[PDB]
Amino acid sequence: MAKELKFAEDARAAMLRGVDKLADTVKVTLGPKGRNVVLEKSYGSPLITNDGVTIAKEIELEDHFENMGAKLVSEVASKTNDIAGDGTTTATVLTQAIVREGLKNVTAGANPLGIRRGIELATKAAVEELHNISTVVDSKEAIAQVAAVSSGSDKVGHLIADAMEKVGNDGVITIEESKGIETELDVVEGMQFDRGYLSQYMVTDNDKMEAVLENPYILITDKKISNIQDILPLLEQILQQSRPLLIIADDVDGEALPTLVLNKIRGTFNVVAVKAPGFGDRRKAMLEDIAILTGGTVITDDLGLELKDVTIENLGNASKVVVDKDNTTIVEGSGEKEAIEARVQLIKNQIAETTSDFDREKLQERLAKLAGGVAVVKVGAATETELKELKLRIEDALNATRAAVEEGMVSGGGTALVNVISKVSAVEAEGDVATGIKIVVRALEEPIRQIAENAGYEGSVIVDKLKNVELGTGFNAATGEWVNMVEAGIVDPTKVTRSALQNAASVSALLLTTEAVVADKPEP
Amino acid sequence: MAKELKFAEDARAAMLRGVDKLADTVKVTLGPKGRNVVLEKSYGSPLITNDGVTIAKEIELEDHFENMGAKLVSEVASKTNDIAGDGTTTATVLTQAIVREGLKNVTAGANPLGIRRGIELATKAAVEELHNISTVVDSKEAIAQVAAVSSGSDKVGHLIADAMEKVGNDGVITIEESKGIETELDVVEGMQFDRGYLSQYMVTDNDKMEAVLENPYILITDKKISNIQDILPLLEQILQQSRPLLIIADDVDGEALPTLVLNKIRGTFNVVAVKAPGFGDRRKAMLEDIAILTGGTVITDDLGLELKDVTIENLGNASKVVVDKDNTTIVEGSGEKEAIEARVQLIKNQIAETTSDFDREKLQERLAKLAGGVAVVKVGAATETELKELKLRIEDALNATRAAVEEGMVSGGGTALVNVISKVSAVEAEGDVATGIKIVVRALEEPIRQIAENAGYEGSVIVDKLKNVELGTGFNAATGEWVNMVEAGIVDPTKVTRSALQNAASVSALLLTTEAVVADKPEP
Amino acid sequence: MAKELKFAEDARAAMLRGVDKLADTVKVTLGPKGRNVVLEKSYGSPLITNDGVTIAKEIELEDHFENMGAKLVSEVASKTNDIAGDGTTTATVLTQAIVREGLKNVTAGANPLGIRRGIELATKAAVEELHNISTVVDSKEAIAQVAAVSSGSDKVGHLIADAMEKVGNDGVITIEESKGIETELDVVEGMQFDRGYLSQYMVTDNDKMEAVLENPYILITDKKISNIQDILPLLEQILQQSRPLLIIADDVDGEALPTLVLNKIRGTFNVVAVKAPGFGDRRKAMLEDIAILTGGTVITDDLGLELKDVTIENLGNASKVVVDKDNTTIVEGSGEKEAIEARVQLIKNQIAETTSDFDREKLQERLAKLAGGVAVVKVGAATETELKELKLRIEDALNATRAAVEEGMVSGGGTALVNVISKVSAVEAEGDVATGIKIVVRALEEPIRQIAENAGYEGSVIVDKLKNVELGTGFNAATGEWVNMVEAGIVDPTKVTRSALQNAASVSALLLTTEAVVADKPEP
């Protein structure tokens, strides 16, 4: 339908207007003293919240160009919302500030390519500085503290610590609801691999996006399943058993996939199909590993097994299977422990025998996945509301604990961002590159200033005083007192801040170079 | 519907307005330092890109006459985007410049026929000059180097070189996805002929427009298939076998073609029908060759074989068949090697015996097609994303390698266009012919000037300096330094530039002679 | 008050619109077959005429910029209407054509300075060619014929021939109304010098703009008259005599000039004051000559004569004095013939004695002015209407006769303009210079084409046929037959055509270079 193509600064003007609307909607919730925002709902009472990501999701502007800007910034915040729950907001604020000042500078000349180069250089220097100054979190006690201190009550700290030690740093940790009143930690034989669901229609938990199967049947095969006829007898058998089915194949497509999607939507079959991890000869390796762990059999042409000949016996079994968008987790496989041990010993022998560091690394990955097991956290509480609250509290606590483990810990409340201003200013450049460096230097103060303003304190005073105080001491927005953030517990993960900064810088660079916007003309 | 008959200059004014809108949308992406353009999408996040052809495709204007201009220029770029990926943009810029200046000259007299004649003469002289100055690319090392450029990592250069040597200049080279991690080159018995699919509904790969069949059955016949009843038993047999079917006939039309199209759309049959290459007694020659290569049998009235009597045995077989819009490629035919060798020897004897250079050429074409085989590139990589990226990188690398092989290699960045200005100015003409010559001379500077402006440098300064530097040295837009483009690798294939220039000149000549525009009146 | 500054082409658009309006109003009267235009008058019946200069004078446009164009072209025609009565129209037509085509060319580039250079070169070449081809009119019989042709009655030819044979080509010829019925030619002692009236308020003949005095008193002095008190006794004496007074002084200014102007307006004094011809010691030379011719005395400080001491006796006397805007003519001075002869002999001796060619030339001018006398044409007729018609007929006849005498005679009806097209096209130029040459070549056909169109004949056919006929044969618009214009009497003065062409070219060059127009904003 007819476009409304537009060039020069007016397109950028509308871009900026949309971004400003979204930023003014979101940023007021930033910081511990964030103010509340009210969202309209089609049915029921309206929701009042200060959660940034939800508000950003709910925004949709009538103006097509402003809607374009809102969608852009929302998709930017999406790339960071995964870790923690605050990195989806600072990115928006930084993006708004950078875009505004860059547009103003470009209006007066200032070749945009130089601005983009300067922004990238400043961002790289800032990332390097952030990785430089950081409280490395690797001690068990420090990890337990960090887990508990953020939101993890107190017991969650020790629980996460013990599970993290037992399964390792990359070990799989799962959270479950215990029927009792006590939360317990269990380590069992399990399998998690980077293969998400083939479609969102078979998602069991819409809120968590994850597909949850309890005591499901597991189909293990290296063949490609494009025909639903190849599995109809097994489908009928499983329907007779009325149990969930997990499908692990090379690829499920064609007519079989829509048929299974329709059956799942209608509730006829609780079936989930995912792609087989690995490729080539490697794929059969952990296919056999999964077969051993679950007690099932890999359906491959090498063994002379056909899809139509698959019975219930050949199917793998497990207590629980969790499938997210990108990974599939298996809990308590029904395979024999001795067979799993033999497979582990075989992989260890291969590792001791292999000479290729790549092949050794892959075999080590398989060995760690097989032997590390899965940590199971059976959360127990007196009431279902208590159980749900504890589950939610444990989830983000675990996420933040992992984020701290990989990268580290730095000063919270945006103090780290100001702490790296000097290094960025130390970067040498000329012309538009220097202009972009100054742009980033000015914009880096936005989070702390905005937090101070939200608490009623003058932002400029806070910024100036922070620039002249000792490193490690910032501004406590909750109390208005200058204390040690590390001692006061106002700490944020390094990964969150660096990811937000990288995303904001990249997207601002992309937007500043925009010259023509093609949009759909509103229908009269 | 109602028409909006409009004549004289205002019709050309609207023509120019539409062309100017499209050119202003497209040209900002020209050059290595091109700026990004944002396109709206009905669903999902808006797409940001600097790819010219996609942006040109997405443009649609509400004004009917401006829509005429946009569609015209888009169809112009259509003839050029096939080779490489940049010739779809320079043509638009040149067309815009020529149209604008020609309209301005025509407004003040300047009989348009003289302008068209002058434009054609200047374009012919420029094409001759471009064919004059060029780095001929025929050495194996040079071909491997050129292939190693583009993106073509480093291994693609050697792989393309070896396949090209093995199959020859016109030999068929195919790209496949190896299940392993390594990319391998294979030469097999194959068949490609200039016969595309009969309809786009049976296209398996919409993105590549190509029809892909894996281990398909091949129907070989010289008869015309207008009735679906003639093939129903064979269709049922193939449906029982659940394999793809390839149909090679004189013509498939009538009721059989829509029936097959509907079956393919519904997924009932993975059938593809194409016309038989060759005509008269010649057609049966490559028909028998295809039957020998695939192991099938030609269904012809000479042999007493009827369409309803065709069985699975008489059908040709191959590992893979690729059908594009204009050509059909067969990979790994199942026919006996000895029979193919006997056919090759027979064709060689015919060549040594034939006295007609036309018949000898046709027999030589058959012999080379049969004996050269098909180069198969089985691309292997660790990840599917890596495999897809490598496949895409190899595709355009092969296309550019062939384009350089046929024509040659010249300076990139539009330097070659300026390098031929002197020869065009040397063309002698008078009156409107000379006016058109000056028009083309002025317009030829548009690509380099636009590229310089996109990088922030003054276009006029760059043009003037380039006109006075030694041949072979141009302007590096990436760095702003005057270096040797051949040494610096800023090189563009001769075919791309000459095709863009020819298309732009022809279409501008057609447009400048327009006097009346008939367009549908918008419905109130 | 407020301006309405406007730049670029729109100012030139307004200028072109105004010029086009004026040209469309004027050019319709061009040619012998010209049509009649009707003008409005405040009182009485509206006047219908085909006289170009009157119509151009009456034009006044409400739009300010179009008014500027009309005033410009009118001031151009002003410089040309002085000679003959047709050169005030061809200039306008040529100006319109040149301006239109030049504006159209400039709109599409074509640096205006090159256009102006080309126009000037073409005009210079055309003027040279016109001076090349011409029928030189110097024979007495040819002069008499040229006087006879046009209107010239028949006797006026012989009368003018005898007159300018007696007084010379540059001799002063005067026209008077004889009380009898016969027109008579008389040669008397007179004096004409290039000194017009100091103000238009003392003009006696408004229609002829000339100041006419019958038997006036002549004041001859070299002093400057700024005080009216210096001449009050003489003014009273002349008022007692009730005769006109002529004042010849170095300069009359201050309070005396407005006082004399007021007296003349009120009719109290029929006084005219003009500046003294000559400068330095030279001025007193013709001052003494005038005193001798008129019988008066020069009032100078050398002779000890004061302005207040001037009496009636010291004043010069003549039968008639005619004062135009630029020259003052004295008829039948009352000075002694013997004294004039002695002065003439003295000047002849000085000429024979002087060695400076400049001084000899000045003395020769004085001698010719003193000795050649003044030709007096006493026109007689039966009725006053006949006398006035004959006077008017003799006036323009004499003017055209002089114009032919100085320059020559060429083909009329615009034929001469086309006859020089080949030479103009032969001028070598490049770029915008050549473009301006083509502009002038195209525009030179406008007069003949317009004349043909006014008579109903197709202009293009006439132009094409005229370009291919022998020189000296043109198109007779009156009859539509191709005859010899010289034989048919369709002849125009060379001076008229060349002056019109020069004025049109100069003004077109000035207008084409216009870039900003400052005009008075209309009052709301």
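Every number in this text was worked out from the coordinates using simple rules, so none of it is lab data. Don't worry about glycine lacking a Cβ; one is built from the backbone with ideal geometry, like all the others, and counts go over all protein chains shown.
Which ones in region A:215-230 are surrounded by fewer than 19 Cβ atoms within 10 Å (Cβ to Cβ), within 12 Å of A:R283 (Cβ to Cβ) and more than 14 Å from every other protein chain (Cβ to nearest Cβ)?
none
Which of the residues that make up region A:476-521 are within 14 Å of chain B (Cβ to nearest Cβ) and part of a loop (DSSP other than H, G, I, E, B)?
Selection gives A:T513, A:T514, A:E515, A:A519, A:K521.
In region B:463-478, how many are touching a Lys or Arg at 6+ places or on another chain (Cβ under 7 Å) and crowded, with 17+ Cβ neighbours inside 10 Å?
The total comes to 2.
Identify, by number, the condition in (1) away from chain A (no Cβ under 14 Å); (2) more than 26 Å from B:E365 (Cα to Cα); (3) among the basic types (K, R) that B:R266 doesn't meet.
(1)
Given (1) free of Cβ contacts under 8 Å to residues at least 60 places away in the same chain; (2) assigned to a loop (DSSP other than H, G, I, E, B); (3) more than 14 Å from chain B (Cβ to nearest Cβ), identify the lone condition not met by A:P524.
(3)
Would you check if there is a residue in region A:495-507 being farther than 27 Å from B:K21 by Cα and touching a strand residue (DSSP E or B) at 6+ places or on another chain (Cβ under 8 Å)?
The answer is yes, given that some residue of region A:495-507 is farther than 27 Å from B:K21 by Cα and touching a strand residue (DSSP E or B) at 6+ places or on another chain (Cβ under 8 Å).
Residues checked against (1) facing chain A (nearest Cβ under 9 Å); (2) more than 14 Å from A:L510 (Cβ to Cβ):
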site	(1), (2)
B:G31	no, yes
B:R35	yes, no
B:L39	yes, no
B:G44	yes, yes
B:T54	no, yes
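Looking at (1) out of contact with any strand residue (DSSP E or B) (no Cβ under 6 Å at 6 or more places or on another chain); (2) within 23 Å of C:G171 (Cβ to Cβ); (3) of a type in the set (S, T, N, Q); (4) crowded, with 19+ Cβ neighbours inside 10 Å, which is the one condition that is false for C:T329?
Among (1) out of contact with any strand residue (DSSP E or B) (no Cβ under 6 Å at 6 or more places or on another chain); (2) within 23 Å of C:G171 (Cβ to Cβ); (3) of a type in the set (S, T, N, Q); (4) crowded, with 19+ Cβ neighbours inside 10 Å, C:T329 violates only (1).
Do we have A:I59 as within 14 Å of chain B (Cβ to nearest Cβ) and under 21 Å from A:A443 (Cα atoms) here?
In short, no.
Being within 14 Å of chain A (Cβ to nearest Cβ), farther than 21 Å from B:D82 by Cβ and out of contact with any helix residue (DSSP H, G or I) (no Cβ under 7 Å at 6 or more places or on another chain), is that true of even one residue in region B:411-427?
No; the residues of region B:411-427 include none that is within 14 Å of chain A (Cβ to nearest Cβ), farther than 21 Å from B:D82 by Cβ and out of contact with any helix residue (DSSP H, G or I) (no Cβ under 7 Å at 6 or more places or on another chain).
Please find, within region A:78-126, the residue that is nearest to the chain's Cα centre (by Cα) out of those that are in contact (Cβ under 8 Å) with a residue 12 or more places away in the chain and on the phi > 0 side of the Ramachandran plot.
A:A84
Pick from region A:251-260 the residues that are assigned to a helix (DSSP H, G or I) and within 14 Å of chain B (Cβ to nearest Cβ): which of them is nearest to B:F269 (Cα to Cα)?
For region A:251-260, the residue satisfying everything is A:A256.
Restricting to region B:3-29, and then to whatever is of a type in the set (D, E) and within 18 Å of B:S508 (Cα to Cα), can you tell me which residue is nearest to the other protein chains (Cβ to nearest Cβ)?
B:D24
Considering each of C:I290, C:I231, C:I248 in turn, give the residue that is in contact (Cβ under 8 Å) with a residue 40 or more places away in the chain and part of a strand (DSSP E or B).
Within the list C:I290, C:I231, C:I248, the selection yields C:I248.
Residue by residue through region B:360-409, note down the ones that are within 14 Å of chain A (Cβ to nearest Cβ) and surrounded by fewer than 18 Cβ atoms within 10 Å (Cβ to Cβ).
Once the filter is applied, which keeps residues that are within 14 Å of chain A (Cβ to nearest Cβ) and surrounded by fewer than 18 Cβ atoms within 10 Å (Cβ to Cβ), region B:360-409 yields B:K378, B:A382, B:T383, B:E384, B:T385, B:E386, B:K388.
Would you mention how many residues in region C:28-56 are part of a helix (DSSP H, G or I) and out of contact with any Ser or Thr (no Cβ under 7 Å at 6 or more places or on another chain)?
Residues that pass the stated criteria total 2.
Would you tally the residues in region C:479-488 being surrounded by fewer than 13 Cβ atoms within 10 Å (Cβ to Cβ) and touching a residue at least 24 places away in the same chain (Cβ under 8 Å)?
0
Looking at region C:82-102 only, could you name the residues that are of a type outside the set (V, I, T) and surrounded by 20 or more Cβ atoms within 10 Å (Cβ to Cβ)?
Within region C:82-102, C:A84, C:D86, C:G87, C:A91, C:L94, C:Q96, C:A97, C:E101, C:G102 meet the criteria.
Name, by its number, the condition in (1) away from every other protein chain (no Cβ under 11 Å); (2) surrounded by fewer than 19 Cβ atoms within 10 Å (Cβ to Cβ); (3) of a type outside the set (D, E) that does not hold for B:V76.
Looking at each condition in turn, B:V76 falls short on (2).
Suppose we filter region A:56-65 for residues that are of a type outside the set (F, W, Y) and surrounded by 21 or more Cβ atoms within 10 Å (Cβ to Cβ); how many remain?
Residues in region A:56-65 being of a type outside the set (F, W, Y) and surrounded by 21 or more Cβ atoms within 10 Å (Cβ to Cβ): 1 in total.
Which ones in region A:29-67 are without any contact (Cβ under 8 Å) to a residue 60 or more places away in the chain and hydroxyl-bearing (S, T, Y)?
Correct list: A:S42, A:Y43, A:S45, A:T49, A:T54.
Do we find that A:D138 is away from chain B (no Cβ under 14 Å), within 19 Å of the chain's Cα centre (by Cα) and surrounded by fewer than 16 Cβ atoms within 10 Å (Cβ to Cβ) in this structure?
Against the criterion (away from chain B (no Cβ under 14 Å), within 19 Å of the chain's Cα centre (by Cα) and surrounded by fewer than 16 Cβ atoms within 10 Å (Cβ to Cβ)), A:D138 does not qualify.
For residues in region B:103-134 being of a type in the set (D, E, K, R) and away from chain C (no Cβ under 14 Å), which is surrounded by the most Cβ atoms within 10 Å (Cβ to Cβ)?
Among them, the one singled out is B:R116.
Inside region C:231-241, can you point out the residues that are crowded, with 17+ Cβ neighbours inside 10 Å and touching a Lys or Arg at 6+ places or on another chain (Cβ under 9 Å)?
Hits for region C:231-241 are C:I231, C:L234.
Which of the helices (runs of 4 or more DSSP H) contained wholly in region C:61-163 include at least 2 residues that are among the β-branched types (V, I, T) and out of contact with any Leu (no Cβ under 8 Å at 6 or more places or on another chain)?
Hits in region C:61-163: C:64-81, C:87-107, C:140-148.
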